[PDB]
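Asker: In their complex positions, the first chains:
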Amino acid sequence: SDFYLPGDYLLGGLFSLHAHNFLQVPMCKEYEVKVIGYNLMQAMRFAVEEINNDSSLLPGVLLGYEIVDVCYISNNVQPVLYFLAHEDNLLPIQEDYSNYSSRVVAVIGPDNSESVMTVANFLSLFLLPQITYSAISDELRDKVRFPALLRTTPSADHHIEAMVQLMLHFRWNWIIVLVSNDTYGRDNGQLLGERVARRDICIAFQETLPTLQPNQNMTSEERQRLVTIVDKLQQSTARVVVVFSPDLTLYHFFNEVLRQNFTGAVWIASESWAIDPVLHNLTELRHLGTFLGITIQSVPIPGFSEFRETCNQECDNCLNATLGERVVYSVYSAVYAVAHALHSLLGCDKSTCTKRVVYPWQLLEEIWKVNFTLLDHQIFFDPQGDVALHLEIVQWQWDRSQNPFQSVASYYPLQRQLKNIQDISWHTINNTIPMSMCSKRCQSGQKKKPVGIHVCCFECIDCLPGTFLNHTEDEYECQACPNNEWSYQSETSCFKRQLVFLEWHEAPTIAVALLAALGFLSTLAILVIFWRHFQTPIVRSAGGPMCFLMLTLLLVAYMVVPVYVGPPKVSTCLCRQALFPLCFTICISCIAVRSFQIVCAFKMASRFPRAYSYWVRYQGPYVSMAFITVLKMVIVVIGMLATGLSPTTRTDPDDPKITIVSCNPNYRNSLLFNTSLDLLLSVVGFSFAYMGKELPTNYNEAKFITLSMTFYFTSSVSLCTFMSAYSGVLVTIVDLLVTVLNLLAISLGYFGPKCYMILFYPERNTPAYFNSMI
């Protein structure tokens, strides 16, 4: 048969041309033929024949081979014993093999990773070099574990990286993973899990497919299993679906997905099914979505298109069963690598070959060493045992003028990135990239709020006033505004707030100041006209030091306006909160005690002469004025110390720009406390004068007390009413206006009539007029 050819040195070859009572071990021929095995076997035979023809590569030396049709898992062991034998069938057992010479010097090994590990563990103790062409399992990189093994292909690492960089390029953030129950699926799914989270992509969910087979009928439980998986596909918002499975099993899965009326996904196919003709020919797949697949890049062998067209080394149906491009170059490069390593081991040059007996471990030591250009591609073994061959991404196309599979990207494993991506004709309405992300991006000024486990899951929430969003600093909590700034809720930046207080530019402010000035000069005129008539009965009965100092206090109190108006200072704030109210209050108290003296004192003297005898003895009225004054002192200080000596800042009720500066931030509270006692004094004096309504003893004093305290009472009640329905800037200026109006109430309503009589009814200055009352 063609499975064997002689030579000076021999290569072993294991290819899966095919696929118990357990004692009845089946022969390899008892299973269906697989065409890819014929392709790979003919690739090896072509490579060895070409190397024998090339007189410059092995001058005067012929390569041979022994090829065995290993059926993909079963009937292992026998080939390695067949290869390792010293002569005929015999293999010696000994401690050290450094001087041993096996039948073959190198093995072109199996395809299935399980079989590769099985064969490698048996070859390892001899260090007979093995090269394999399609086992992508990543565990084979452990050369402590597999010292004899090398590969002509990138490992699963680079396939997963191709997938991940495809996802990054098109910004797919949110994916689904489906795996077979095999070691292949579980391994590749965990590896994808290790690559994805590292780079910010998130897996929505992962689930294992059932191990169905295409020929047999599906059971009810398997049917429901597929239904349950497709339901989770249909419910999820993700649309990138990654499938790690052998090809044969997926026929049922895609039949079910079609039956379920599913559509709109991107399917990313792993190496095991990315190029399957049978799945591609499933007629209705084209409605489901876009199919992309990672696969090793095809390199055309020049001469192969012509060349292709006691047991386990024979076949009866191979060619007629035939009547693999992407793996053929791996097989070809493996054979050429062995040839070059042998050429180096023999120390050879054109027509100088010396035909040593070669021990496999030295051939391994040289196989690690080769570096040459083959078919316009350069192949050398990485210390981890892999040759760098390009990968590609193929989109499936259902136009049969071109090839079924169209390349759309290429992955360079040494530069380790995906390059020159081309047009992918998507399923969307206008070839817009099909998006799939867990969440919408934040609007300006919105914080993130994580949801669930995954990084991609978050709500978007507006920043509150007093905070702002700073992309340079954070996005999961808001940055606080400086103490003199603010923000318009959902905003990227702050804005400066403005202080507000009374100043003379304002019409009402200057108006109030002018009113206070009128009051001041009128009070001073009253004082001086009283002084000019100190000798008169009017000033004797309703004047003297009490009125002199009352007018002095009142005219200095009129100087409040320059202290209210203008930028505040601590001392002026203390002056407003205690001093002006204090010096104003005692005047009202004087009016009160005079209202007592005019009538109620006589009621006391007649009804309660004992109390009156005490009252006149202990200086009743002056003591009463001092007593209420000290009560007022306590009342002012206990509020001020509870609210602070310094000026205070308050927010404007509905204008975000304005901050209002004023004393007494607890206005209403103190307003009530301060007035309560003052207005009670007002009421008691008012009622006393009302009782002695027509008493003319003090030049009809009761009428004018009544008038003045009426003005005071009504103004105070009006202020308390106004404060219940307004909160804006006008508060303090209206406060000042009412203060000035009360100063006017006293200064004019009480003293003015006396001065009017002095000036314009001078006959009333005579003692003759005064005595008419007696």
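Answerer: In hand now; what should we look at? Residues are numbered from 1 along each chain as shown, chains lettered A, B, ... in the order given.
Asker: contacts and neighbour counts: CA atoms only from here.
Answerer: Noted.
Asker: residue ranges of the helices in the stretch 651-774 of chain A, please?
Answerer: With DSSP state H, counting those that start in this stretch, the ranges of helices along the stretch 651-774 of chain A come out as A:667-691, A:701-723, A:730-744, A:752-760, A:767-771.
Asker: and the second one, what does it pack onto?
Answerer: By that I understand helix A:701-723. helix A:580-595, helix A:667-691, helix A:730-744 (3 or more Cα pairs under 8 Å, 6 or more residues apart in numbering; DSSP states H and E).
Asker: Buried residues, it. List them.
Answerer: A:701-713, A:715-716, A:719, A:723 (16 or more other Cα atoms under 10 Å).
Asker: Repeat that for the longest one.
Answerer: By 16+ other Cα under 10 Å, the buried positions in helix A:667-691 come out as A:670-671, A:674-675, A:677-679, A:681-690.
Asker: pretty sure residue A:457 is touching residue A:450, no?
Answerer: Yes: taking contacts as Cα atoms under 8 Å, residue A:457 lies within contact range of residue A:450: 5.9 Å.
Asker: Of those two, which one has the most company?
Answerer: Neighbour tally, residue A:457 and residue A:450, criterion other Cα atoms under 10 Å: the higher count belongs to residue A:457, 17 against 14.
Asker: Name the nearest residue to the more buried one, sequence neighbours excluded.
Answerer: residue A:451 (5.1 Å; Cα to Cα, 6 or more residues apart in numbering).
Asker: go on, residue A:122?
Answerer: With Cα to Cα, 6+ apart, the residue lying closest to residue A:122 is residue A:80, at 7.5 Å.
Asker: Tell me who's in contact with that neighbour.
Answerer: For residue A:80, the contact set (Cα atoms under 8 Å, 6 or more residues apart in numbering) comprises A:119, A:122, A:123.
Asker: pretty sure it belongs to a strand, no?
Answerer: No: membership of residue A:80 in a strand is not supported by DSSP: H, G, I helix; E, B strand; the rest coil, which gives helix.
Asker: now it: how far from residue A:599?
Answerer: 136 Å (Cα to Cα, to the nearest Å).
Asker: on that earlier part again, does the residue nearest to residue A:457 really touch residue A:460, like I thought?
Answerer: No: Residue A:451 is not in contact with residue A:460 according to Cα under 8 Å; the separation is 10.6 Å.
Asker: List the contacts of the nearest residue to residue A:84 once chain neighbours are set aside.
Answerer: Counting by Cα to Cα, 6+ apart, the nearest residue to residue A:84 once its immediate chain neighbours are dropped is residue A:102, at 5.0 Å. By Cα under 8 Å, 6+ apart, the contact list for residue A:102 reads A:83, A:84, A:85, A:86, A:359, A:360.
Asker: what's the helix or strand for residue A:102?
Answerer: For residue A:102, there is no host helix or strand (DSSP states H and E).
Asker: What separation do you get for it and residue A:5?
Answerer: 17 Å.
Asker: Show me the domain layout of chain A.
Answerer: As assigned by automatic domain parsing, chain A contains the domains A:4-154+A:302-388, A:156-300+A:392-419, A:446-496, A:507-771.
Asker: could I get those domains as TSV with distance to residue A:438?
Answerer: What follows is those, written out as TSV (distance: least, Cα to Cα, whole Å):
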stretch	distance to residue A:438
domain A:4-154+A:302-388	31
domain A:156-300+A:392-419	6
domain A:446-496	6
domain A:507-771	37
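Asker: closest to residue A:437 out of those?
Answerer: The closest of those to residue A:437 is domain A:156-300+A:392-419. By Cα to Cα, the value is 5.0 Å.
Asker: Quick one: end-to-end length of the closest one, please.
Answerer: First-to-last distance for domain A:156-300+A:392-419 - Cα to Cα - comes to 19 Å.
Asker: The following sequence is to be added as chain B:
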Amino acid sequence: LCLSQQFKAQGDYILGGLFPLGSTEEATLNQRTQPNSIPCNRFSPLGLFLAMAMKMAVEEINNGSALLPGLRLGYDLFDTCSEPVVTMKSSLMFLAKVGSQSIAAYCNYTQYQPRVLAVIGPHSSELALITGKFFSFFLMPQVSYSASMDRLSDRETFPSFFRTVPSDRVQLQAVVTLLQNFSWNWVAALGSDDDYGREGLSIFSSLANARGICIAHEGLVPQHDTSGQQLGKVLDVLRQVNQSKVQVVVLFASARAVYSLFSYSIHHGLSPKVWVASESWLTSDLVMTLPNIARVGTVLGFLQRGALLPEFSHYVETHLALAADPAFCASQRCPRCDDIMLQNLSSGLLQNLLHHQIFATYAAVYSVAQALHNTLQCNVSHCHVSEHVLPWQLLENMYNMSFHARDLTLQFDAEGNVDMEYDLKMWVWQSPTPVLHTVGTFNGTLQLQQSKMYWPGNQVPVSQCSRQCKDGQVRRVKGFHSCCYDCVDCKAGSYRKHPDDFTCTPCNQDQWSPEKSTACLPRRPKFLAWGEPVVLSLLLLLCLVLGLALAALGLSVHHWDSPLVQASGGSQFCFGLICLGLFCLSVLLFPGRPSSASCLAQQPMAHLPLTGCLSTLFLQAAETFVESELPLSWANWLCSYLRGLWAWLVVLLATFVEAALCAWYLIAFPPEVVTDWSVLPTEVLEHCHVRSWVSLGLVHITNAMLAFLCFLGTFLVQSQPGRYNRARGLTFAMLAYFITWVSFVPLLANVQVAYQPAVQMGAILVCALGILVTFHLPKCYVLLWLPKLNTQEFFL
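Answerer: To build on what is shown above, here is chain B added in:
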């Protein structure tokens, strides 16, 4: 001592054995480039104990008549060195033709003649895989005492591999049953990075998914503690467990990975968790060394109930003592055993827990011996010695059998496992070292002894998950598989529009919705409709006050010729009373559905008649004041001058000023009919909005000033007896006015929003009622009940 010489004995049939007797230092483990032999240079007690167990089993089998009578069963042992290369080089000598040094590559098993009947298999799972695949080609039966990994169950690739320990699948079925018993539906699953842990996760996840247990997180913990990457990985695992709000964790791992995880778990401060251990690390002689264990949380795990061998320690010490005698040498596989003395093999090492694996080795030898006993068709004390058995002939007798250990019976099942049973053992922390407490048993079902369970506190811990949302809730999936949800309640103002499994839908502006609502409900418009039960009282009061006004007007017109009315103001008095009656009726602009006309008209339409009325009372106060407080010599002139046409002039002037300020209000601060969809919980408010209440003073200041001037003109006045006192009436009237409108502001500022118009209506009504009750009512009372006073002398 002579230990190494005792590893071989002749017999009619010979058993091979692979044990972890030897090992090599870490310096040996570099990449290998030349096919030399491995320098085995260390010793272990475990390997010697297992080898002694096999020796004991074979010695007992040869002593008794119950098995293999008339035959001597031999044995010789090799060391695995825990190394595949050494393991292969050793196992090849089992297969090599007896009496020679080579093996022949025959194409099928029947042609071989191996020198051992069967192989008592290796310790670890990796070597079990490697050697089982190798032996299967020769169909030589192999019996591992330790390898529990489930992949070895497959009869297709491992047709001749057997074991005397349960597979991992049985243990994880027990674990799944435990989780299922406590309804611990929400758990994290962790495994070690070596094949045992990855396969453990693969088995457990399949079982959990099949039984509806939801795995919150699934991942692998590293085997090494050498670099910041591993620290970060374990920190990330802790983060995963923390953020998923798990409380029960399954940790199927080899011991060193668990030690690495736990040492950092103690450090990083994660809260205690329930850990379901595995037999591979629950032995925990290593784990006991941690500086703190009580903060880890409860540890549970199933542990094998193999039989005890009291004789074994005495046997070991006996043979070690014998191996000191040099006489045996007159009669290597492991050179390092010869250096070992009895003190190096103290009984404390046998009391480690290793009884499980020692007894497993004993039972393995008994299984092989019983299989041969069946194959030789033994009668009592007589074998059928007509043939010499080859291993592939013994294999067919091995599957169907049952065999007896010391006081225990076993069977190899359909795929080469044995049906052993378990104890559920848990750790309790009260003692200086943790104590293993038996708290349950598993034999295919879980026979929990729940009353003995020493939980923290006195109650079961739990982590669970909601499988189905209530109808009024929005779903959101979670878990490694999308096996379960967490629930969102529809907040008021939102509704469950669709099964959109991330978020609720906001309510429409024309509608409202309560909590847990599936769908919205339109919100009704609200305003002071006619017939509202409080407005009804105002509608009655309107008639009452208007009735008083009209009764007084009719009485005045009836007695029009009498002094009282002229003294009260004559035509001005009548006109003011009519204006007051008109003032009452302005109430009717407020109720009902608002309109653009009434919204603007209502304030002027109220205050203009009131201004007209109040002007007359102000003029009467002026009369009272000029009659009492001004010098006669021009008081008479003013009194006679202001009365008559000039009173109408004052009326017109006041009306004009009020109207001008009404226009200024209608231009500078006009109100508007506003519809509000937000200020009420289930309604839409329709109301006349005012820009700011301080702007309302434009229509007030006129009336307020007139009232204040009237009050000042009347309060001080007094009169002789025998005359009508106008001052009392005017004073009470103005006082009532001020009380009313001082009450007005704070009420309007604080009533609930929907009722505000009622306050304005009530204020108008009460003000008019006060004026009538104080100024007109006593006049008509005296006119009715005591007309005798109605004279020029009394009233003027």
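Asker: same question on the contacts of residue A:80, but with chain B included?
Answerer: By Cα atoms under 8 Å, 6 or more residues apart in numbering or on different chains, residue A:80 lies in contact with A:119, A:122, A:123.
Asker: Can you tell me which residues in the stretch 51-200 of chain B are near chain A?
Answerer: Counting by Cα under 8 Å from any Cα of the partner chain, the residues of the stretch 51-200 of chain B lying close to chain A are B:84-85, B:88-89, B:92-93, B:96, B:101-107, B:130, B:133-134, B:137, B:139, B:157, B:159.
Asker: on that earlier part again, and which of the contacts of residue A:80 is nearest chain B?
Answerer: Lowest distance from chain B to those (Cα to the nearest Cα) belongs to residue A:122, with 7.5 Å.
Asker: where does the closest one land in three-state SS?
Answerer: On the basis of three-state DSSP, residue A:122 is classed as helix.
Asker: What is the burial count for it?
Answerer: 22 (other Cα atoms under 10 Å in any protein chain shown).
Asker: Distance check, it against residue B:16.
Answerer: From residue A:122 to residue B:16 the distance is 20 Å (Cα to Cα).
Asker: ditto for residue A:402
Answerer: Taking Cα to Cα, one finds residue A:402 at 63 Å from residue B:16.
Asker: Return the residues in contact with the closest residue to residue B:43 other than its chain neighbours.
Answerer: Nearest non-adjacent residue to residue B:43, counting by Cα to Cα, 6 or more residues apart in numbering or on different chains: residue B:22, 5.1 Å away. Remark: with contacts taken as Cα under 8 Å, 6+ apart, residue B:22 is in contact with B:40, B:41, B:42, B:43, B:44, B:47, B:79, B:80, B:81, B:82, B:334, B:336.
Asker: So which of the residues you listed wins on neighbours?
Answerer: Ranking the contacts of residue B:22 using other Cα under 10 Å puts residue B:80 first, with 27 neighbours.
Asker: The residue nearest to it when sequence neighbours are not counted sits in which helix or strand?
Answerer: Nearest residue to residue B:80, sequence neighbours excluded (Cα to Cα, 6+ apart): residue B:87, at 4.8 Å. Element membership for residue B:87, per DSSP H and E: helix B:84-95.
Asker: who touches that helix?
Answerer: A:93-95, A:121-122, A:124-125, B:16, B:37-38, B:78-81, B:101, B:103, B:112-116, B:127, B:130-131.
Asker: Name the SS class of the residue most central in space within chain B, please.
Answerer: With distances taken as Cα atoms, centre = their mean, the residue of chain B nearest its centroid is residue B:245 (6.1 Å). Look at residue B:245: counting by three-state DSSP, its state is coil.
Asker: Same question for residue B:218.
Answerer: The assignment at residue B:218 comes out as strand when based on three-state DSSP.
Asker: count of neighbours near the closest residue to it other than its chain neighbours?
Answerer: The shortest distance from residue B:218 to any residue other than its chain neighbours is 5.0 Å, reached at residue B:189 (Cα to Cα, 6+ apart). Residue B:189 has 23 neighbours, counted by other Cα under 10 Å.
Asker: so which helix or strand takes in residue B:189?
Answerer: strand B:186-192.
Asker: can you give me the helices for the stretch 101-250 of chain A?
Answerer: A:113-124, A:156-169, A:183-196, A:220-235, A:250-259.
Asker: Now render those as CSV, adding distance to residue B:208.
Answerer: What follows is those, written out as CSV (distance: least, Cα to Cα, whole Å):
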stretch, distance to residue B:208
helix A:113-124, 27
helix A:156-169, 28
helix A:183-196, 16
helix A:220-235, 15
helix A:250-259, 23
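Asker: At the contact with chain A, which residues of the stretch 251-400 of chain B appear?
Answerer: So the stretch 251-400 of chain B meets chain A at residue B:392 (Cα under 8 Å from any Cα).
Asker: show me the contacts for the residue in the stretch 251-400 of chain B positioned nearest to chain A.
Answerer: Per Cα to the nearest Cα, residue B:392 is where the stretch 251-400 of chain B lies closest to chain A, at 7.9 Å. By Cα under 8 Å, 6+ apart, the contact set of residue B:392 is A:23, B:109, B:110, B:138, B:139, B:140, B:141.
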